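Undergrad: CSV, C-alpha atoms, saved as start-v7.csv, coming up:
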chain,number,residue,atom,x,y,z
A,3,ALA,CA,-16.7,4.7,-13.9
A,4,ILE,CA,-13.1,3.5,-14.2
A,5,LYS,CA,-11.1,4.4,-17.3
A,6,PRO,CA,-8.2,2.3,-18.6
A,7,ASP,CA,-5.8,5.1,-17.7
A,8,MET,CA,-6.3,6.9,-14.4
A,9,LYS,CA,-4.4,9.5,-12.5
A,10,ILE,CA,-3.4,9.3,-8.8
A,11,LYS,CA,-3.0,12.1,-6.3
A,12,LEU,CA,-1.9,11.4,-2.8
A,13,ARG,CA,-1.0,13.1,0.5
A,14,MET,CA,0.3,11.1,3.4
A,15,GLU,CA,0.8,12.5,6.9
A,16,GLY,CA,2.3,10.4,9.6
A,17,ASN,CA,4.6,9.7,12.5
A,18,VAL,CA,7.1,6.9,13.0
A,19,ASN,CA,8.9,6.6,16.3
A,20,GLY,CA,7.9,10.3,17.0
A,21,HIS,CA,9.2,11.6,13.7
A,22,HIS,CA,6.5,13.6,11.8
A,23,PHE,CA,6.3,13.8,8.1
A,24,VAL,CA,4.2,14.8,5.1
A,25,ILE,CA,4.7,13.2,1.7
A,26,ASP,CA,2.8,14.0,-1.6
A,27,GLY,CA,2.4,11.7,-4.5
A,28,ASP,CA,1.4,12.0,-8.1
A,29,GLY,CA,1.1,9.1,-10.5
A,30,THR,CA,-0.8,7.2,-13.1
A,31,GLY,CA,-2.0,3.6,-13.5
A,32,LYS,CA,-3.9,1.1,-15.5
A,33,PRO,CA,-6.7,-0.4,-13.4
A,34,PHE,CA,-7.4,-3.3,-15.7
A,35,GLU,CA,-3.8,-4.2,-16.2
A,36,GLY,CA,-3.0,-4.1,-12.5
A,37,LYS,CA,-0.2,-1.6,-12.7
A,38,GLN,CA,0.5,1.8,-11.1
A,39,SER,CA,3.4,4.1,-10.8
A,40,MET,CA,3.9,7.3,-8.9
A,41,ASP,CA,6.4,10.0,-7.9
A,42,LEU,CA,6.6,10.7,-4.3
A,43,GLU,CA,8.1,13.8,-2.6
A,44,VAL,CA,8.7,14.3,1.1
A,45,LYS,CA,7.4,17.8,1.9
A,46,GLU,CA,8.1,18.1,5.6
A,47,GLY,CA,10.3,16.1,8.0
A,48,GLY,CA,13.0,15.2,5.6
A,49,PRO,CA,15.4,13.5,5.5
A,50,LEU,CA,13.4,10.7,7.0
A,51,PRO,CA,15.3,8.9,9.8
A,52,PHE,CA,13.8,5.5,9.0
A,53,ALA,CA,13.6,3.2,6.0
A,54,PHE,CA,11.4,4.5,3.3
A,55,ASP,CA,10.4,0.9,2.4
A,56,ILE,CA,8.1,0.6,5.4
A,57,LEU,CA,5.8,3.2,3.8
A,58,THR,CA,5.5,1.9,0.3
A,59,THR,CA,2.5,-0.4,0.5
A,60,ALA,CA,0.6,2.6,2.0
A,61,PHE,CA,1.2,4.6,-1.2
A,63,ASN,CA,-5.1,1.0,-3.9
A,64,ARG,CA,-6.3,-2.4,-5.0
A,65,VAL,CA,-8.3,-0.9,-7.8
A,66,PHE,CA,-5.1,-1.3,-9.6
A,67,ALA,CA,-5.2,-5.1,-9.8
A,68,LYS,CA,-6.0,-7.4,-12.7
A,69,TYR,CA,-9.2,-9.3,-11.8
A,70,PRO,CA,-10.4,-12.2,-13.9
A,71,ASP,CA,-14.0,-12.4,-14.7
A,72,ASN,CA,-14.7,-15.2,-12.3
A,73,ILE,CA,-13.8,-13.2,-9.1
A,74,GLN,CA,-15.9,-10.4,-8.0
A,75,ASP,CA,-13.9,-7.1,-8.1
A,76,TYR,CA,-14.9,-5.3,-4.9
A,77,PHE,CA,-12.5,-2.4,-5.6
A,78,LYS,CA,-13.7,-1.5,-9.1
A,79,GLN,CA,-17.3,-1.9,-7.9
A,80,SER,CA,-16.8,0.6,-5.1
A,81,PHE,CA,-16.4,3.6,-7.5
A,82,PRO,CA,-17.4,6.2,-8.0
A,83,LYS,CA,-18.0,6.8,-4.3
A,84,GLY,CA,-14.9,5.0,-3.2
A,85,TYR,CA,-13.6,2.9,-0.3
A,86,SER,CA,-11.3,3.0,2.6
A,87,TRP,CA,-8.8,0.6,4.1
A,88,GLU,CA,-7.1,0.1,7.4
A,89,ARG,CA,-3.9,-1.9,7.8
A,90,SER,CA,-1.8,-3.3,10.5
A,91,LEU,CA,1.9,-4.1,9.9
A,92,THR,CA,3.5,-6.3,12.6
A,93,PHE,CA,7.2,-6.7,12.3
A,94,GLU,CA,9.2,-9.5,13.9
A,95,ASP,CA,11.1,-7.2,16.3
A,96,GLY,CA,8.1,-5.6,17.8
A,97,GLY,CA,7.7,-2.6,15.4
A,98,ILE,CA,4.0,-1.9,14.7
A,99,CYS,CA,2.4,0.3,12.1
A,100,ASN,CA,-1.2,1.3,11.5
A,101,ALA,CA,-2.1,2.8,8.2
A,102,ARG,CA,-5.3,4.0,6.6
A,103,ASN,CA,-6.3,5.4,3.2
A,104,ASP,CA,-9.6,7.0,2.2
A,105,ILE,CA,-9.9,6.8,-1.5
A,106,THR,CA,-12.2,9.0,-3.7
A,107,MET,CA,-12.6,9.5,-7.4
A,108,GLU,CA,-13.1,12.9,-9.1
A,109,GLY,CA,-13.2,12.5,-12.9
A,110,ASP,CA,-10.1,10.6,-14.0
A,111,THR,CA,-8.2,10.9,-10.7
A,112,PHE,CA,-8.1,8.9,-7.6
A,113,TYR,CA,-7.5,11.0,-4.5
A,114,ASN,CA,-5.9,9.4,-1.5
A,115,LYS,CA,-5.9,10.6,2.1
A,116,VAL,CA,-3.3,8.5,3.7
A,117,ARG,CA,-2.2,8.3,7.4
A,118,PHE,CA,0.7,6.2,8.7
A,119,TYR,CA,1.7,5.7,12.3
A,120,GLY,CA,4.5,3.6,13.5
A,121,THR,CA,6.0,2.8,16.9
A,122,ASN,CA,8.1,0.5,18.9
A,123,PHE,CA,10.9,0.2,16.3
A,124,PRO,CA,14.1,-0.5,18.1
A,125,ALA,CA,16.6,2.2,17.6
A,126,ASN,CA,19.3,-0.4,16.6
A,127,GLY,CA,17.0,-2.3,14.2
A,128,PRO,CA,17.0,-2.2,10.4
A,129,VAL,CA,14.1,0.3,10.0
A,130,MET,CA,15.7,3.0,12.1
A,131,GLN,CA,19.3,2.2,10.8
A,132,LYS,CA,18.1,2.2,7.2
A,133,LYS,CA,19.2,-1.3,6.3
A,134,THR,CA,16.3,-2.4,4.1
A,135,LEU,CA,16.6,-3.2,0.5
A,136,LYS,CA,13.1,-4.2,-0.8
A,137,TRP,CA,9.9,-6.0,-0.1
A,138,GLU,CA,9.8,-9.6,-1.4
A,139,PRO,CA,6.9,-10.3,-3.7
A,140,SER,CA,4.0,-11.9,-1.9
A,141,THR,CA,0.5,-13.1,-2.1
A,142,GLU,CA,-2.4,-11.5,-0.2
A,143,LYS,CA,-5.1,-13.9,1.0
A,144,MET,CA,-8.5,-12.3,0.7
A,145,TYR,CA,-11.5,-13.5,2.7
A,146,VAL,CA,-14.4,-12.3,4.7
A,147,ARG,CA,-14.3,-12.1,8.4
A,148,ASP,CA,-17.5,-10.9,10.1
A,149,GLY,CA,-18.8,-9.3,7.1
A,150,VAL,CA,-15.6,-7.3,6.2
A,151,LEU,CA,-13.3,-8.1,3.3
A,152,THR,CA,-9.9,-8.8,4.9
A,153,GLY,CA,-6.5,-9.4,3.3
A,154,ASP,CA,-3.6,-11.1,5.0
A,155,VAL,CA,0.0,-11.2,3.9
A,156,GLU,CA,3.1,-12.9,5.5
A,157,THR,CA,6.1,-11.3,3.9
A,158,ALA,CA,9.5,-9.8,4.5
A,159,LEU,CA,11.9,-7.1,3.8
A,160,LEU,CA,15.2,-8.2,2.4
A,161,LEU,CA,18.0,-6.5,4.4
A,162,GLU,CA,21.7,-5.9,3.8
A,163,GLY,CA,23.7,-9.0,4.8
A,164,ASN,CA,21.6,-11.9,3.4
A,165,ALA,CA,18.9,-11.5,6.1
A,166,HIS,CA,15.1,-11.1,5.9
A,167,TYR,CA,13.0,-9.0,8.3
A,168,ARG,CA,9.5,-10.5,8.6
A,169,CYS,CA,6.2,-8.6,8.6
A,170,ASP,CA,2.6,-9.7,8.8
A,171,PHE,CA,0.0,-7.5,7.2
A,172,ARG,CA,-3.7,-7.5,7.8
A,173,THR,CA,-5.9,-5.0,5.8
A,174,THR,CA,-9.6,-4.5,6.1
A,175,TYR,CA,-11.3,-3.0,3.1
A,176,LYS,CA,-14.8,-1.2,3.2
A,177,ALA,CA,-16.8,0.3,0.3
A,178,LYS,CA,-18.5,3.6,1.1
A,179,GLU,CA,-21.7,2.4,-0.5
A,180,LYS,CA,-23.6,-0.2,1.4
A,181,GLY,CA,-24.7,-2.8,-1.0
A,182,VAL,CA,-21.5,-3.5,-2.8
A,183,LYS,CA,-21.4,-7.3,-2.7
A,184,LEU,CA,-18.4,-9.0,-1.0
A,185,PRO,CA,-16.3,-11.3,-3.1
A,186,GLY,CA,-15.5,-14.9,-2.4
A,187,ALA,CA,-12.1,-15.7,-1.1
A,188,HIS,CA,-9.2,-15.4,-3.5
A,189,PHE,CA,-5.6,-14.3,-3.8
A,190,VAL,CA,-3.7,-11.3,-5.0
A,191,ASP,CA,-0.1,-11.7,-6.1
A,192,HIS,CA,1.7,-8.4,-5.8
A,193,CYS,CA,5.1,-6.9,-6.3
A,194,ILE,CA,6.2,-3.4,-5.2
A,195,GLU,CA,9.5,-1.8,-6.3
A,196,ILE,CA,11.2,1.5,-5.9
A,197,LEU,CA,12.3,2.3,-9.4
A,198,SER,CA,14.5,5.4,-8.6
A,199,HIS,CA,15.3,7.6,-5.6
A,200,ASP,CA,17.5,10.5,-4.6
A,201,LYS,CA,20.0,10.5,-1.8
A,202,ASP,CA,17.9,10.4,1.2
A,203,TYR,CA,14.7,9.2,-0.4
A,204,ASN,CA,13.2,12.6,-0.5
A,205,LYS,CA,12.1,11.8,-4.1
A,206,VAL,CA,11.0,8.3,-5.0
A,207,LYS,CA,9.4,6.6,-8.0
A,208,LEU,CA,7.3,3.6,-7.0
A,209,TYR,CA,5.7,0.9,-9.0
A,210,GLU,CA,3.3,-1.9,-8.0
A,211,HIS,CA,1.8,-4.8,-10.1
A,212,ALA,CA,-1.0,-6.9,-8.7
A,213,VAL,CA,-3.0,-9.8,-10.2
A,214,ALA,CA,-5.9,-11.6,-8.6
A,215,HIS,CA,-6.3,-15.3,-9.0
A,216,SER,CA,-7.9,-18.4,-7.5
A,217,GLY,CA,-4.8,-20.4,-6.7
A,218,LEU,CA,-4.7,-22.5,-9.9
Any chance you could put this one into structure tokens?

TA:
Amino acid sequence: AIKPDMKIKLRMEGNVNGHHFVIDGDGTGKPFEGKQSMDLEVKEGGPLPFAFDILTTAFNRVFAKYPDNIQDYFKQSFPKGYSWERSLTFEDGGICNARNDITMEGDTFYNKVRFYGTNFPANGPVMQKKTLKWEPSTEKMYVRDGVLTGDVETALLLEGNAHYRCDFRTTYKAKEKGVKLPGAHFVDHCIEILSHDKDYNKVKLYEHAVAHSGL
């Protein structure tokens, strides 16, 4: 079902601290090499009054290099697809909930993304636009009551030699019953903004992800 080169189409709608926005994405990636890139454009609500970096992990673990010895739940979920739901808990009380329903039509993944954030302090680094990047991290995958779960403890680098910590928890669910759960494993990942315009209305994003067993 999955080709070595796949296209990505995306629409995100969301609200952070009351601020509504809509963002469209178009990109390409290489599922078996674990790489993807995309161009994002804010369509409504720009310029966004918060750090673009909080959104970027919401803009598909199909794009991850899986070795033969770990079951690849994401590639096995196609063609019908899968969905994920994520919580982002930041160290100052900011909270985000995000979801994506992912389908495949021909050579293109379609993404229906929703992103809601609240309780960010007005003086904090998200609403003041002080973030620089996400540090690379490792997602711990495991099964909790029959659902594939991924946990990450990571941080945003800020201006001023300071990190802003965030805990992620994602649950992942294939649309087809019967897709077998994997055993526990790790996914190393790195996400980067490659280019942007003045107020992050147009962003080029890249992500690289590799699954492994810790050795």

Undergrad: May I ask for the distance between CA of residue 14 in chain A and CA of residue 115 in chain A, given in Å to one decimal place?

TA: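 Between CA of residue 14 in chain A and CA of residue 115 in chain A the gap is 6.4 Å.
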
Undergrad: Have a look at CA of residue 46 in chain A and CA of residue 205 in chain A and let me know their distance in Å, one decimal.

TA: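 It comes out at 12.2 Å.
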
Undergrad: As an exercise, work out the distance from CA of residue 55 in chain A to CA of residue 202 in chain A in Å and give it to one decimal place.

TA: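 CA of residue 202 in chain A lies at a distance of 12.2 Å from CA of residue 55 in chain A.
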
Undergrad: Within 7 Å of range 176-190 of chain A, which residues of range 20-131 of chain A show up? Give each one with its shortest atom-to-atom distance in Å (one decimal) and the two atoms involved, counting only C-alpha atoms, rows by chain then rising residue number, as a tab-separated table.

TA:
residue	atom	partner	partner_atom	distance
A:73	CA	A:185	CA	6.8
A:74	CA	A:185	CA	5.0
A:75	CA	A:185	CA	7.0
A:76	CA	A:184	CA	6.4
A:79	CA	A:182	CA	6.8
A:80	CA	A:177	CA	5.4
A:83	CA	A:178	CA	6.3
A:84	CA	A:178	CA	5.8
A:85	CA	A:177	CA	4.2
A:86	CA	A:176	CA	5.5
A:87	CA	A:176	CA	6.3

Undergrad: Store the residues picked out above, limited to C-alpha atoms, as a PDB file, in the coordinates of the input.

TA:
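What landed in out35.pdb:
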ATOM      1  CA  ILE A  73     -13.800 -13.200  -9.100  1.00  0.00           C
ATOM      2  CA  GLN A  74     -15.900 -10.400  -8.000  1.00  0.00           C
ATOM      3  CA  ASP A  75     -13.900  -7.100  -8.100  1.00  0.00           C
ATOM      4  CA  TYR A  76     -14.900  -5.300  -4.900  1.00  0.00           C
ATOM      5  CA  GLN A  79     -17.300  -1.900  -7.900  1.00  0.00           C
ATOM      6  CA  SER A  80     -16.800   0.600  -5.100  1.00  0.00           C
ATOM      7  CA  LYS A  83     -18.000   6.800  -4.300  1.00  0.00           C
ATOM      8  CA  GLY A  84     -14.900   5.000  -3.200  1.00  0.00           C
ATOM      9  CA  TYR A  85     -13.600   2.900  -0.300  1.00  0.00           C
ATOM     10  CA  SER A  86     -11.300   3.000   2.600  1.00  0.00           C
ATOM     11  CA  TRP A  87      -8.800   0.600   4.100  1.00  0.00           C
TER      12      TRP A  87
END

Undergrad: I'd like to know which of A:160, A:193, A:53, A:169 is closest to residue 131 in chain A, using only C-alpha atoms.

TA: A:53

Undergrad: Which residue gives the smallest distance to residue 168 in chain A among A:40, A:129, A:10, A:50, with all atoms listed in the file counted?

TA: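 Between A:40, A:129, A:10, A:50, the residue approaching residue 168 in chain A most closely is A:129.
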
Undergrad: Within 12 Å of residue 165 in chain A, counting all atoms listed in the file, which residues qualify if same-chain residues fewer than 5 places away don't, as a PDB file with C-alpha atoms, keeping the file's coordinate frame?

TA:
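Heads up, here's the output in around-v7.pdb:
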ATOM      1  CA  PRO A 128      17.000  -2.200  10.400  1.00  0.00           C
ATOM      2  CA  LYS A 133      19.200  -1.300   6.300  1.00  0.00           C
ATOM      3  CA  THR A 134      16.300  -2.400   4.100  1.00  0.00           C
ATOM      4  CA  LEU A 135      16.600  -3.200   0.500  1.00  0.00           C
ATOM      5  CA  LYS A 136      13.100  -4.200  -0.800  1.00  0.00           C
ATOM      6  CA  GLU A 138       9.800  -9.600  -1.400  1.00  0.00           C
ATOM      7  CA  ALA A 158       9.500  -9.800   4.500  1.00  0.00           C
ATOM      8  CA  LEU A 159      11.900  -7.100   3.800  1.00  0.00           C
ATOM      9  CA  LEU A 160      15.200  -8.200   2.400  1.00  0.00           C
TER      10      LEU A 160
END

Undergrad: For residue 127 in chain A, work out the shell of residues within 12 Å, counting only C-alpha atoms and skipping chain neighbours fewer than 3 positions away, then give it as a CSV table (one decimal) with C-alpha atoms, in the coordinates of the input.

TA:
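The new file part.csv reads:
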chain,number,residue,atom,x,y,z
A,52,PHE,CA,13.8,5.5,9.0
A,53,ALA,CA,13.6,3.2,6.0
A,93,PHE,CA,7.2,-6.7,12.3
A,94,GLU,CA,9.2,-9.5,13.9
A,95,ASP,CA,11.1,-7.2,16.3
A,96,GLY,CA,8.1,-5.6,17.8
A,97,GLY,CA,7.7,-2.6,15.4
A,122,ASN,CA,8.1,0.5,18.9
A,123,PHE,CA,10.9,0.2,16.3
A,124,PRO,CA,14.1,-0.5,18.1
A,130,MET,CA,15.7,3.0,12.1
A,131,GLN,CA,19.3,2.2,10.8
A,132,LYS,CA,18.1,2.2,7.2
A,133,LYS,CA,19.2,-1.3,6.3
A,134,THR,CA,16.3,-2.4,4.1
A,161,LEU,CA,18.0,-6.5,4.4
A,162,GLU,CA,21.7,-5.9,3.8
A,167,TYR,CA,13.0,-9.0,8.3

Undergrad: Could you tell me which of A:67, A:107, A:194, A:150 comes closest to residue 36 in chain A if we count only C-alpha atoms?

TA: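 That would be A:67, the residue with the smallest distance to residue 36 in chain A.
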
Undergrad: Find the residues around residue 154 in chain A up to 8 Å (all atoms listed in the file counted), leave out those fewer than 6 positions away in its own chain, and share them as a list in words.

TA: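 Skipping anything fewer than 6 positions along the chain leaves residues 142, 143, 144, 170, 171, 172 and 173 of chain A.
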
Undergrad: Using all atoms listed in the file, which of A:145, A:77, A:61, A:69 sits nearest residue 196 in chain A?

TA: A:61
